[PDB]
Each structure stands twice: as structure tokens, then as C-alpha cells.
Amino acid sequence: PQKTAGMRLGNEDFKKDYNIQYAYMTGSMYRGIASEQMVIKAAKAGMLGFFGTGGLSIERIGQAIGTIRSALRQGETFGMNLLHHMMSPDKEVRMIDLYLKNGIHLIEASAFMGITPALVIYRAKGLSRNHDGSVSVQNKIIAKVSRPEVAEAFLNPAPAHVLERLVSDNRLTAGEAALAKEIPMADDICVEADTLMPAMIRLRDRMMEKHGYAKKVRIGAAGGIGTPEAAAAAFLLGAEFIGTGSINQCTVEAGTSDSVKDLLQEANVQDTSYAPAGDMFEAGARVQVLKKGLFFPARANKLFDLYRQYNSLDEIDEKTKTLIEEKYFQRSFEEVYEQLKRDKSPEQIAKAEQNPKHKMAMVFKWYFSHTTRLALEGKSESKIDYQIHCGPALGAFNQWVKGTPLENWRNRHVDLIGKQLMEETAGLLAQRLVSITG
């Protein structure tokens, strides 16, 4: 049907199920960096886009839904991020409720460690038996995971004790709960690898045998993909669809500042490094960020090293304490904590007043939200503090398109770079088959 080589790549049922032309998804990016504009542009070009709900209010998310639906008037598929946080399980439930009320039938579920009541409610709500014997699934889930045991949890049906409970509470009907037993929690697993693939594929096959699901759950890959070569490698290793992230932040459509994008355009492969994440600061979770020309990585790492050794804010020696206040924060510890009193819940403050360790993290965490805010806002002339999440994939992309019309991010459109990546990926793949069988 006039479909290009790029469109032939990856699993056919994946493309059919989501009514898309490419086995390709743009991954969520928090605080709307994966913007309404981006999701709309991706949907209209026949690929999968997810809106970045991370760290936005329910009211704001609902506003995003309305805008996207209004612009998508040919039944184009699109998705919403559902980002798990250990501390705020009610935000997730409220997000699901918003999704159910507003027609959201596709989510990217990420950072989950296992299956939650909210996910089960979403998966099972609306389930009905078709006359032809099949299960009518209203609400689809693409689970983004890095760990086999989380993948496995998603390849299994909704756990029975959660269903039983939700039926008791009249959240699900017995019929919905019965139907939920014979389908997996996720329709697709996006394996995020920022060598794991064959293990996940073997795990998938085992789970298909074990449960005898009617429809195969596909396994895709994301992480490190910014070039035709990287994408080709992912498909060789068994990816049945692929996802990108870093390259999409550096486009016209991305919901971040022009200054951020200017920085991102100049990134090379070596220009990123690891730094702690705000929302998982204590645990020691780390994420990749832009390094070249920026102080944030060193500074964020420093604050973790101080949390690590001392047990309170007072314990910090006055010379570094003066460093943090004057250079990092441009604010005193006291000033920060008082600002935090305004923002946070009384319960959280109370918890900090009793615990000097928690009070410390709480104050350092301000740096992360502050620097994120600085980045999103175009304003600061000092770019030195900008927290910018980014992997080497972008660096690779930049080198790929060096000296091209695509070099300037103002000519980079999320749907077009997506298309070109997939078409060139396809050509590269075919070209190699020519080479080795010649």
C-alpha cells in the first residue's frame, strides 16, 4: 500500500494495533517537554507519541488531553505517561481516573517496580468478552522497564489479590476481574537500555507459552538510539519496535527553552555524564545529563556527597556552606527551608523538623527543582546551572546530521527526524544484507 522500507520494519501487529505506520515511539519527557505540540505532530505522521505528565498537576494534564484530542480528529492514536513515584501513590490513582474519564486508551508505564492497584484498575476497566471468544481490551499499556523481574510482572496477568480487593470495593465488576486473568498487564514491553534484549525475548516467549495469551506481547528497545546504525543494531538484536528520547528534546516541538536547545544542538557523544535524580536523591539513583559547559552535574554530585557523609545541615563546614549558599543556591539554607515551608505539606515539614537527615535532603532537593525550572524558563543568562537530561544518543545524532539542513534544531521536527531515522535505518539494514550475501 505504498509503504516505505522504514514502515516495513518491526512487528506488524504492533503497527496494526496502534494504527501507526512505523514501529516507532517517542518516549515521554517530564513537565511537558514531551509537549502537546510534539505528540500531535507525531500522531499526525503515523507514529506513537507520549505526553510527558511527569511533575504536572492533574488539572494541567487534563488540559493537555483536551488540546491533543481537539487537534487529533481522525482517530489518531496517542499516549500519556504514567510515571510511578514511591511517595505519591494517590497521584497515580487520580491520573488513572482522569485517563478513564477522558478516553485515554494508551499509556507508557515507567519506573514501576511492580504492579499497582491503579494499573490493574486501568487495565481491567471496560474489559468485555467478544462473541468470537476474544477479550475486548479498551486500555492499552506499553511498559518501559530495565529489569527482568519487572518485565515478568507485566507479562503476567493482574495479580489475583489486587483484583479480588478491587471487586470487593466495587472498583471492578467480577466479569472485568475474570477477563483480566487471561490477558497480560502490558501489551508491549519497551526495554530501556541506557545484550539485555535476547534475555527479555526469551523471557517473553516463555511467558507466552506459560499463559497461552491470544496476542503476542512485543518487545521493543529504547536507550542509546540516535542514529541509523544504533537503530539497526536494536532491530538485529530482536527489537520489534524502538523508542527514542534524547534526540526529540532537541526539536522545534519540544517543551523546553530555546537556550536549552542551543546547548543540546552542540552536544557531542562525550558531553554527557551521570548525576543524581531529585525524586530519587537519597537512594542514590542516577540519571544522564548534559555535562559540557555546565556546573550542575558536579554541583548535584557534591550535594549527594555531603548528604552521604554528614547527618545534618549544621555539620557542614562554613567554607563549603558559603560555597553552596552563594554559588549553588544564590540563597541561604534558612531562606530555602522557609520557601519549602510555603510549598510542601505540613506533614513533610514536621518530618524534617524531627529528622535532621531528611531536612538536609529536602533542602538539597530544592537545587534540583530550581535548576530544572531555570532550564525550562528561557530567562537566566547564566546557563551554568541548567539541569538538562540527555544521553549520548543526541551527540551521535548531531554528528550524523552535521553539515545538513537538519543541523539547526530550528529545522528539526520530531516527526521528520523520526521518519528519516527509520528510512535510513531500513536502507542501512538492506545494504548490509547486500554486502554479506553478495
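Throughout, we count residues from 1 along the sequence that is shown.
S.K.: What is the count, as a class, of unmodelled deposited residues between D194 and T195: none, 1 to 3, 4 to 9, or 10 or more?
M.R.: Per the deposited record, the segment joining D194 and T195 lacks coordinates for 10 or more residues.
S.K.: Going by the average Cα B-factor in the PDB entry, point out whether 160-168 or 139-147 comes out higher.
M.R.: For C-alpha atoms only, the mean B-factor is higher in 160-168.
S.K.: Where do the C-alpha atoms have the higher mean temperature factor in this entry, in 93-101 or in 334-342?
M.R.: Higher mean C-alpha B-factor: 334-342.
S.K.: Which one of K261, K321, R123, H131 shows the biggest C-alpha B-factor in the PDB entry?
M.R.: Most elevated C-alpha B-factor of the set, per the entry: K321.
S.K.: Sorting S257, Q265, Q249, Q348 by Cα temperature factor from the record, which one lands on top?
M.R.: That would be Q348.
S.K.: Among the modelled residues of this chain, does the Cα B factor of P405 put it in the lowest, middle or highest third?
M.R.: Top third by C-alpha B-factor.
S.K.: Please rank the C-alpha B-factors of the chain's modelled residues and tell me whether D385 sits in the lowest, middle or highest third.
M.R.: According to the entry, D385 has a C-alpha B-factor in the chain's highest third.
S.K.: Please place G378 in the lowest, middle or highest third of its chain according to the CA B-factor in the PDB entry.
M.R.: It belongs to the highest third of the chain when residues are ordered by C-alpha B-factor.
S.K.: If you rank the chain by CA B-factor, which third does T173 end up in: lowest, middle or highest?
M.R.: Its C-alpha B-factor, which the entry lists for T173, ranks in the middle third among residues of this chain.
S.K.: Give the position of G245 by CA B-factor within its chain, expressed as the lowest, middle or highest third.
M.R.: Tercile = lowest for this residue's CA B-factor.
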